Each structure stands twice: as structure tokens, then as C-alpha cells.
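Read the structure below first, then the notes.
Just so you know, all these numbers are worked out from the coordinates, no wet-lab data involved. All Cβ positions, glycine included, derive from the backbone under ideal geometry; neighbour counts span all protein chains shown.
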Protein chains: 2
Amino acid sequence: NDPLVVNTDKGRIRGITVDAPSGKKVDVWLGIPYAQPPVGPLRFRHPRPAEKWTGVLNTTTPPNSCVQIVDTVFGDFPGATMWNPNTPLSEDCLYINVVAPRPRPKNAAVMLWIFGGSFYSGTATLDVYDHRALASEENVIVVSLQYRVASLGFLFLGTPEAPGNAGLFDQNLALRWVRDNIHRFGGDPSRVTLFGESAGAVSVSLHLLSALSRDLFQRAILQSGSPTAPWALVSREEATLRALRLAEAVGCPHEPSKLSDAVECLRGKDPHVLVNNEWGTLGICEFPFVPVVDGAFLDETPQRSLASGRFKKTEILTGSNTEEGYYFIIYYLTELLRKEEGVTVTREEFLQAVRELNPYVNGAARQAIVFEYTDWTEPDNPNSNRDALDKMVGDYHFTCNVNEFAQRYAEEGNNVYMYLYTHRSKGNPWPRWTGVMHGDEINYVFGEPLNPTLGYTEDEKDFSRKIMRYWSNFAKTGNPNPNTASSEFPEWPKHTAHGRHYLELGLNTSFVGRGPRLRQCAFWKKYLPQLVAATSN
Amino acid sequence: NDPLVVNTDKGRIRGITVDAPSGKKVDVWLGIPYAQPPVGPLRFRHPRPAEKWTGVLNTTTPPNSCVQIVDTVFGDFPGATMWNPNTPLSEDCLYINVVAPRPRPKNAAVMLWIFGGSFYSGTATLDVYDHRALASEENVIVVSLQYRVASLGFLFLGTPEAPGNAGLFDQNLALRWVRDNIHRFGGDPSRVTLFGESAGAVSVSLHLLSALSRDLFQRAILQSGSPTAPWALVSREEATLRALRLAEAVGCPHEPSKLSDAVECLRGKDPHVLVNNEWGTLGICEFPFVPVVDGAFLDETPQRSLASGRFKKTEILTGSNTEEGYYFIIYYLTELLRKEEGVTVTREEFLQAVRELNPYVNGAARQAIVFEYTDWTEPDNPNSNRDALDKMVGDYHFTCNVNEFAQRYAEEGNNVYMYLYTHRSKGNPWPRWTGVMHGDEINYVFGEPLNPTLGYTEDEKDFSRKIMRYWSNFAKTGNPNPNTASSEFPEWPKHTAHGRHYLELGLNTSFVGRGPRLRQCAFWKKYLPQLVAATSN
Ligand SMILES: *[C@](O)(c1cnn(C(CC)CC)c1)C(F)F
Ligand SMILES: *[C@](O)(c1cnn(C(CC)CC)c1)C(F)F
Ligand SMILES: *[C@@H]1O[C@H](CO)[C@@H](O)[C@H](O)[C@H]1NC(C)=O
Ligand SMILES: *[C@@H]1O[C@H](CO)[C@@H](O)[C@H](O)[C@H]1NC(C)=O
Ligand SMILES: *[C@@H]1O[C@H](CO)[C@@H](O)[C@H](O)[C@H]1NC(C)=O
Ligand SMILES: [Cl-]
């Protein structure tokens, strides 16, 4: 009997044994189908489960990537190409990958990754997500899934043929596949931890809300993403207009009264033409096709679920990086924050950037933003004015929403663990002033430093082991801390509703603070909303 | 020849040799007259110089205190009685005191004290201002003066018989006495340092502006007071109304069209009746009779003098205490901050106090104050909400105005030295939660801890020696620092226009910071004014 052949509920599949960069071996099944290819009449619609197959399906090749724009702003710059699809683009992209340790466990914990990329880009096949180190160093089953992105995943028109949230229904079906099958690979289907970063963390958090996902997993890890972020959802009314704008841009009928004509034309267009025409006039951290409240995956806004306690009762581990904003500013204000060493921002340039980065608020609100994000020890310092741009974008779009989500989870009696990730890799290829950007922790979570052919220092290898241990301790037990307190593994205290402690994740540190950034988060969540109310005569 | 007999430009006077509390001996001349008694028809009017006398005037008794209200709110509480007059009250109060070291110097530096008390109270004769320790420990001539306070010193009606600023003309006349006479006591009249606290510091700063005082002294020390403070001046129009309200309250004619009738009745009233009827409906840190812009002592507001550079070019030493607000809140919100141990403030009480303590600003401004003065780590903490009250009163009325004055001076090329005084005496009789209040540094500046009948620790005696040494070094040279760097005398760096360094004055500390409190001061001086303008349709 061949242990690399596995009989799934739809047929048999064949995997392959491979090496970790770690020296240990793992078994691997790449490209398991979990839905019918969502092509032809099935475009924009919810996935159908996969049809049974006879024989043994060879699942040994990384699957196709879902159709998406390719980023060429910086050419072959490694900081950018690491996030571009590394497998062929196709609408036939609904696949799962499974990676098991050796020897195969019986009832191991299962860590299921959901990638980010602003709901219009990303793929489970990226080298930075390679599953082998995490599985073999921590003895967990590691799973990843594809889901449709961009208008192909999130077109909404309020009609049955464009119902919204297709990409979320994709993730739900993959979750169902895992519960029905992961025990055949040595995983315990009652010990599934979802983890994701960015739009993948939003996705995870939406599974903490949906009644369709409630019983499909055990706990959740959310890296730099929360469902209260202003980019995480779009109203149904605005989604309908963006879809019609897309129909216009590609030459289709676009009348609000005959939505049948628009969907049918859109189903005939080339998929690359669709994703390449989504980009109208949108501000920073505004993505055109994202989740909506549809009635079935969600039937109320996340903030209404949070206010009422209608969310899954379980532990969560979540956090932010210190420079969440720069990445998006680098791609949005391409004249101001050039990708070069030694960039600084003048006070006059800062005052203009504030208007460009918060284009919807009135003058009085802009003044408050300026006051809140000025270094009053040295108001004109050109480093301070550059950093202030990162902090106002990162606080509003990322950090403060993570805080809000963790706070409501803790108030309802759930164990919460909060981190602030502060480590900058020695080999970071971005300019020195960018600090610790959005996404930097992913390399350490997946154990890339344990690949000796990359350039990581010995200390960074140790740091990556610590982080994989915290993450997988959390997946296995609900608590990232080990049993015997260690000098290498500082105590990570709970994030309580009143205390709001967080652990700083970095090389030479075990600092525990509160928040992070409680005062700036109160500015966005409490002060600025009431000032906008008072001044909207 | 009798060294205690001195021939002043108006006659001979006889002093007396006495011991400082430490046992060192000083020569002393108490109660030297420098003006005609401002009585009868001379009430409210500028002082006339004193008439010559034949003989030897014995100047050995502490002089009368100017008429003022006596504070009985807390009975015999020593924290309050230390500020009440300790000599008989009289309108005949225009006197100077001189205290010289032994042996007598030839050309010593002269430190000239101007007392505070909100321009309605105070006297040079208070035991806490006793001059003997400072003169004898530091080898300086110490001079103090009386000046008229309250309506007797600052009544203004815009007529020649109530022209305003009588108390300021009193101080100026005393300055002219010191320049004409102090060399006969061993002082160098080209080495007069003015120093003052609170309203005495405002007074000092106004001598830095007035053309009448410009050549009368060399440099200035300003403890917790600045001419840009909101209580430091009153408009001419509002002063006129307050004078007319006082005339009504005591039964006098009060018609804006016949001011002669109002002044003449006021001149016939008992002086105690006048000072006891000044207190209408005024908010915290609002004092009824204070300096005005008169045309002769000042002919433009202090902020216009500062903006244009029209002020004396010289060194200044200035600073603030950590709890500037509490003293005034204790006397204003007598139900909320009872003078007991263990006082705290609830969030609901804090929100009400913000309105009572800033009664002139609109809804949007109060919101901003609340946001600026909330501890967002723990918004409802009853200690944090009490401390927030001190800080918002202290920032607006004291600390931020000292910062503004020191900043202007430094921008114009003058050497500035800034302190933050943080020492709470072991024997402080106020409740523990009051911290380091307004006025606390005065005991140490005058060397009270060196009095062996009092209860100060040895550490406090050393601290007082240090503070006297800085103050007198500054008077002697313009620099508080000694020549040989010491372990007991940390470096006190200049407060430059862009560095804004300050030295923390405390027991076991030499911390150097910036500001202090630059962010909160920017809130009051920059953000809140532009928010008030935007929201007053
Ligand atoms: C989130 O999905 C996101 C966008 N880019 N990233 C990383 C790697 C995918 C690189 C910054 C995450 C988006 F912010 F919502
Ligand atoms: C200032 O003159 C003042 C009022 N009281 N004090 C001290 C000692 C006189 C006691 C707190 C100073 C006033 F604030 F303007
Ligand atoms: C699957 O792999 C086996 C060898 O392991 C091979 O013989 C077979 O042809 C493969 N199937 C397909 C469809 O290529
Ligand atoms: C870690 O921090 C301590 C704190 O002073 C320091 O002494 C030590 O050298 C640091 N090690 C580093 C930065 O590698
Ligand atoms: C002043 O002092 C002397 C004693 O030294 C005394 O004789 C004289 O009477 C006193 N009084 C006056 C008014 O001079
Ligand atoms: Cl629920």
C-alpha cells in the first residue's frame, strides 16, 4: 500500500515526498480540486462542489493562480515580484494544498492559510507561503486554498447571477472539504486554526461571523486585518455602481434597469480584460471589488455583529506591524515617496499629502488630523513628517481596526493575544526608512529564515523558530505560551478588555505594552467621528 | 562711623544686624519709604516720590502690608496662612526692604523680589520670603518691595484719577529707588536681577517690556508666570465695567458718563470695604483687577510687543511646576476637590468639571479638551480624571504661557534657561494627591530648609543650596551653571529656539527634556484657536 495515495470523498489522489529546506521530509498534495471550474456560465456565481473522478489524480504540481493584475510598477524588484503570481493564471483555479509531517500524525492540529492581497491579487502558491518548514518544525498539517479575487470573486449586482462574495463562498467550500477529508491526511478536523494576513485576515474574521462557517473551524489568527477596516466591505449600493462602471469600461450594456444584459455580456469578456479595467478614481486603501453584506454569507455588517455579540466564541491571536501605511503610500504617492534611500518629506509636502490621503473629510477634520500627526517637539523635521504619513494611514486603515476587533472579542469573555511586530530583516530590499512594513512577519511565520541559502542571520533564524512556536502553540492549545517558562520564549500575556496588553515581537526584546497606540486609535474611533458630526451643517 | 546708618538720597536711615536662621549674620533695613503714602486724594493714582526727612529714620521694623482680603477658607491650615499678611494692613504700605551680607560687599549683585498673589493679595514681609538665608548663603544684596494690590492698585476707568496700573508704577518707582541708592548698601546698581513668582513673575515680565523700566535692571527670573497668560491683563473696556460694578456694589454712583462722580465716592470708602467687594461671577484663574494697556507703562499688548521684538534684550531664567492647576481648583471646585486625603474624580464628574473650568468655549471646543485630557490607556480611572483637571488648568493658565515667553526670548537671540520643578517636600501639609503645586519652589529659592527649627531633611537642605546657587549664579553672571562642572550641580543647558531643552529640578535627578509639555501647549496655542474660529458661525 502506497501512503502517498489518499482516497478523498471524490476520488483517489497521489502526492509526493519532498525535503524541507530544514533537512526533514514532508508529504505533499498540491492542487487538489474542491469545486467545479467556475468558468462559462458559472463566472461570478457561487462555487459548485467538485465532481467525482475515477482513477488516481496526480496532485504533485502547484496549482494555477486565479486571474489578477500583475504588478509591474517596479519591474523585477524582489520586494514586488515576491507577491506576483508564480504559476499560470486561469479561471480554473479552485484548488487546495495539503502538507503533512513525517512520520504522518494521527490527529494533528491543522493550520489553514488564507492569503491576502487586497481582495484583487494573491495566490496560495507563492514561495513566501511555502508550507514545508512550518509543518515539519511544528508537527501540524498545513493547508492552503485558492479563492477567486477581483471582480471575478466579488462582483455584486443584487441579482442571482451576480450575488456577491463568490470568493468567500469559495473559502467556505474549501473549509467544508477540509472537515470532510483532513483526517485522511492525519489531521484532526476539530482542530482547524484559520490564519491569514491582510485581506486574508479580513476573510478569517468574516468566517468568525458567518453562520455558514461557524462549525467549520476551531480558532483564528489574524495578521494586520480586521472586518471593521474601511476597505474591508463596500455597501451594496456602491458595489452595484462599481460593477456597472466596470461593464461600461469594457463596452457592455450598463443600465441599472436591465442587469441581465450586463451580466451576460460580462460573462463573455476575456478575464484579463475584466481585472485590468477595475481601477477608476479610488483613494488610498480603497479596493474596487471586496465583500458585501449579501444575505447568506453575511446578513448584517460586521460592526452590527460585533455590537450584538453575534460572533464565534473562541480564542484569537492578532496583531499589527509598526509601519502599516508606507507600502500603500509608496504605490499611491509615487512622486512623494520614491523607492530610494534617504527620502524625507517637507512640512509643506506633508500638509498637501494629508489632503490627498483623507480626501473625504472637511477642513476642520483635516486640521485635527494635522494636529494629531505633527511631532510638536520638532514640527518641521522632514523625517517626522514622512513617518507621520505612514502612521496616519496605518492607524486608520490597519492598527486601529485590529485593536477594535480584539477589544470586542475580549469584552465578550474570549481569550485574546495581541502582538506588535517590530523586526526588520537585515536583508530587507526596500529603503531603510520604510521600517517594518505591512506583511513583513509572513517570512518569519512560514520559517523562510530556516532556508540556509537565503541570507538570514542566526538570530533571525532563532526569531523565526520562536514565532512558529507561538503560532503553533496557539493553534494546538489556544495559548501561544509553552508549559515550562523559557528564557527564549517570553511570557505572552492575554489581551484583556480592560488591560489591553500586547507583546512586542522582535529580536532583542520582550517588552509588554498596552494597545498598541491607544491614543491615536481613540482619535480615529471616537474624536474624529464626533467632530465630523458637529461640523456637517 | 556707624556702618548701619546709611545716607539715602532722601535722608539718613538706621538698620540693624541680625542672624539668619542658620546663625550667619546679615545687616538689615526694613521699611524704607519710597513714595508718599497713597492715601486720601492720592488713592488709585500713580505714586509720588517720598519727601526728604531730617534726622535718622530707624528702618528696623517690617512694614505694613497693603490692604487685601485675608484668606480664611481653611481656617488655621498652615498651607493657606503662610500666604496671609503677617504685618498690619494699611494703605500706608509703599516701603522697600534691603538685606546685605556680612562683611558688607562693595559691588555685589542685587536680587530684587516682586511677590505674587494674583494681583489682589501678597506682601513682601511673608516669613517664607525671609531674605536672610539667601543674602548670607550666596553673597548677594536681597531687596523686596511692597506695591498696591487689588482695586487699590489696579482700578481703571480711563480717566486721569483712575488711570490704571498704580501697582506697576509703584514697582517702577521702587526700581528707581534701588538704582539711585543700592550702592550705599554694597550693591552694584548695574547688576539688579528682578525675580518674582506668579503675578510677581508677570510683573517682572512687564518690566521687560515697559519703556519706563528698560534701563532700571539687568536681567530677570520668572517663576510660573508670563505676560501672555489669560489672567495677566484685562482689556480697557472690561476693566472699566469691573470698576463700575465695584462702585455699584459699595453704594457709589456708577454712570459711564460721569466717571468723576464714581471715583470721588470710591475715594471716600473704607479700603477694606473696597477689596472685599470685588468678587463677582468670575471663572477659575480670573482676577478682577489686574494690569491694563494704559498708554504710559505699556502702550501695546504684551503679545504685540513679543511679535515685534520690542522687549529688553537680556538673559532670562524661567520655569514651571508639575501641578500648576490644583491650588486654584481646590479653591474653585470646593465640593469636587475637597482638601482631604484620597480624593478621586469619576468620569462623569470630569466631564462636568471640563465645562465649569472652560465656561466660555462652545460644544466642539469642550469635546476637544476632553479628548486631549483623557487617559486613553484607562479612560475612566478616577485618579487619571483628577490629574487631568490639574493638567488642563495648569497648561492653559500657566505652563504654556511660560513656554511661549521663553520661546520668543530665545528666537530673538537671548540666552534662556528653563526648569521644570518636580520636588514635593516631605513636610508638605496639603493632601498627597496635590503633588508639586504652584508656589512650592519658593521655600527652596529662599533657603527655608536651612532653618534648623524646621523639619526639612538633609537631602532637602542640599537641594535648597543647589537651587539658591543656580539662581544667584544666574543673577551674578547670566548663567546658572558654575565654572567647575560638579556631580552635585548638573549641567543646565540653554533653552534654544529649536531645542527647547529644560532641566528637571528635583532631589535625585538631572534629567533634561524638551518643553515641557510641547504637545499640550500646541493644543492650547495652535489647535484650539483654529478650531474655535472654524465653528463659531
Ligand atoms: C492586504 O490584503 C494586503 C495587500 N498586500 N499585502 C502583503 C502581501 C499579500 C504585502 C504588503 C497584504 C490588503 F492590505 F488589504
Ligand atoms: C499668582 O500670583 C499666585 C497666587 N498664589 N500664589 C502662591 C504664593 C503667593 C500660592 C499658590 C501665586 C497668581 F496665580 F497669579
Ligand atoms: C501519475 O503518476 C504515475 C507515476 O507515479 C504515472 O505512471 C501516471 O501516468 C500519472 N498519471 C498521469 C495522468 O499522468
Ligand atoms: C539587548 O539589549 C541590552 C539592553 O541594554 C543591550 O545591553 C544588549 O547589547 C542588546 N543586544 C543587542 C542589541 O544585540
Ligand atoms: C532710633 O534709635 C535710637 C537708638 O539707637 C533711639 O535713640 C531713637 O530714639 C530711635 N527713634 C527715633 C525716632 O530716632
Ligand atoms: Cl451568533
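How would the range B:377-513 be classified by its alpha-carbon gyration tensor: rounded, prolate or oblate, with rounded meaning a/c under 1.5 and the a/b versus b/c comparison settling the rest? Verdict is oblate for the range B:377-513.
In sequence order, the range B:487-503 has phi-based couplings of 7, 7, 10, x, 5, 10, x, 4, 9, 7, 5, 10, x, 6, 6, 9, 9 Hz under the Karplus curve 6.51 cos²θ - 1.76 cosθ + 1.60, θ = phi - 60°, and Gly or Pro positions carry x. Between the alpha-carbon centres of the range B:390-409 and the range A:85-136 there is a gap of 59 Å.
List A:501, A:254 from most exposed to least, where exposure is judged by having the fewest other Cβ atoms within 10 Å. Mind dumping the intermediate values first?
Working: A:501 17, A:254 20.
Fewest-to-most ranking of A:501, A:254: A:501, A:254.
Ordering A:64, A:181, B:530 by the projection of their Cα atoms onto the charge dipole of the protein assembly as shown, which places +1 on the Cβ of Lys and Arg and -1 on the Cβ of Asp and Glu, puts A:181 at the extreme positive end. If both residues of a DSSP beta bridge must be in the protein assembly as shown, then about 40% of such bridges are antiparallel.
The relative contact order of the range A:326-432 comes to 31 percent, based on Cα pairs under 8 Å that sit 6 or more residues apart. Taking a ≥ b ≥ c as the square roots of the eigenvalues of the alpha-carbon gyration tensor, the range B:61-204 is classed oblate because a/c is 1.5 or more while a/b is no larger than b/c. Cross-link partners of residue A:269 among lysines, defined as those whose alpha carbon lies under 27 angstrom from its own and excluding same-chain residues fewer than eight positions apart: A:258. Projecting the Cα atoms of A:241, A:194, A:477 onto the charge dipole of chain A (Cβ charges, centred on the Cα centre) puts A:477 farthest toward the positive pole. Taking 0.36 nm per residue of separation and subtracting the current Cα-Cα distance, fully stretching the chain between residue A:53 and residue A:313 would add 89.8 nm.
Ignoring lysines fewer than eight residues from residue A:24 along the same chain, the ones with Cα atoms less than 25 angstrom from its Cα are A:106, A:461, A:466, A:476. The label point for residue B:498 and the one for residue A:128, both projected 7 Å from the Cα toward the Cβ, are 3.8 nm apart. For the protein assembly as shown, pairs of C-alpha atoms spaced more than 39 angstrom apart make up 57 percent of the total.
The magnitude of the dipole of the protein assembly as shown, with charges of +1 and -1 set on the Cβ of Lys/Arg and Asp/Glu and taken from the Cα centre, is near 640 debye. Neighbouring Cβ atoms from other chains, within 10 Å of the Cβ of residues in B:378-390, number 1 on average.
Descending by average beta-carbon neighbour count within 10 Å, the peptides B:132-138, A:71-77 line up as B:132-138, A:71-77, the highest first. Along the axis of the charge dipole computed for chain A (Cβ charges of +1 for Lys and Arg, -1 for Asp and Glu, origin at the Cα centre), the listed residues A:322, A:284, A:295 are led at the positive end by A:295.
Its Cα centre serving as origin, chain A has a Cβ charge dipole (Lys and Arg +1, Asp and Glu -1) of approximately 1660 debye. Using the Cβ-Cβ distance between residue A:73 and residue A:454 with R0 set to 25 Å, the FRET efficiency from 1/(1 + (r/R0)^6) comes to roughly 0.55.
Taking every alpha-carbon pair under 8 Å whose residues sit at least 6 apart, the range B:116-262 reaches a relative contact order of 20 percent. Contact order, relative form, for chain A: 13 percent (alpha carbon pairs under 8 Å, 6 or more residues apart, mean separation divided by residue count). Set the Cα radius of gyration of the range A:296-372 against 2.2 N^0.38 Å, with N its number of residues, and you get 1.62. Other protein chain C-beta atoms within 10 Å of residue C-beta, averaged over B:527-537: 3. Separation of the range A:143-161 and the range A:435-465, taken as the distance between their Cα centroids, equals 32 angstrom.
If both residues of a DSSP beta bridge must be in chain B, then about 40% of such bridges are antiparallel.
Between the alpha-carbon centres of the range A:41-69 and the range B:309-369 there is a gap of 68 Å. Between residue B:491 and residue A:383, the FRET efficiency estimated from the beta carbon spacing at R0 = 25 angstrom works out to 0.40.
Extending 7 Å from the Cα toward the beta-carbon at both residue B:84 and residue A:14 defines two label points whose distance is 10.4 nm. Placing a label point 7 Å from the Cα of residue A:338 along the Cα-to-Cβ direction, the residues of the range A:362-394 whose backbone N falls under 19 Å from that point are A:382-387.
Eigen-decomposition of the gyration tensor built on the alpha-carbon atoms of chain B gives equivalent ellipsoid semi-axes of 34, 30, 22 angstrom, largest listed first. The label-point distance for residue A:477 and residue A:347, in a model that sets each label 7 Å from Cα toward Cβ, rounds to 5.4 nm. Across peptide B:365-376, the average count of Cβ atoms from other chains found within 10 Å of a residue's Cβ is 4. Taking other C-beta atoms within 10 angstrom as a stand-in for reagent exposure, B:318, A:159 fall in the order A:159, B:318, fewest first. Going by neighbour counts of Cβ atoms within 10 Å, the residues A:425, B:487 line up, fewest first, as B:487, A:425.
Remark: C-alpha extents of the range A:23-131 on the principal axes read 46, 42, 23 Å, sorted largest to smallest.
Might you report the magnitude of the Cβ-based charge dipole of the range A:268-342 about its Cα centre, with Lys and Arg at +1 and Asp and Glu at -1, to the nearest 20 debye? Let's see the in-between values first.
Values: 7 positive and 12 negative charges, 69 e Å.
Magnitude of the dipole: close to 340 debye.
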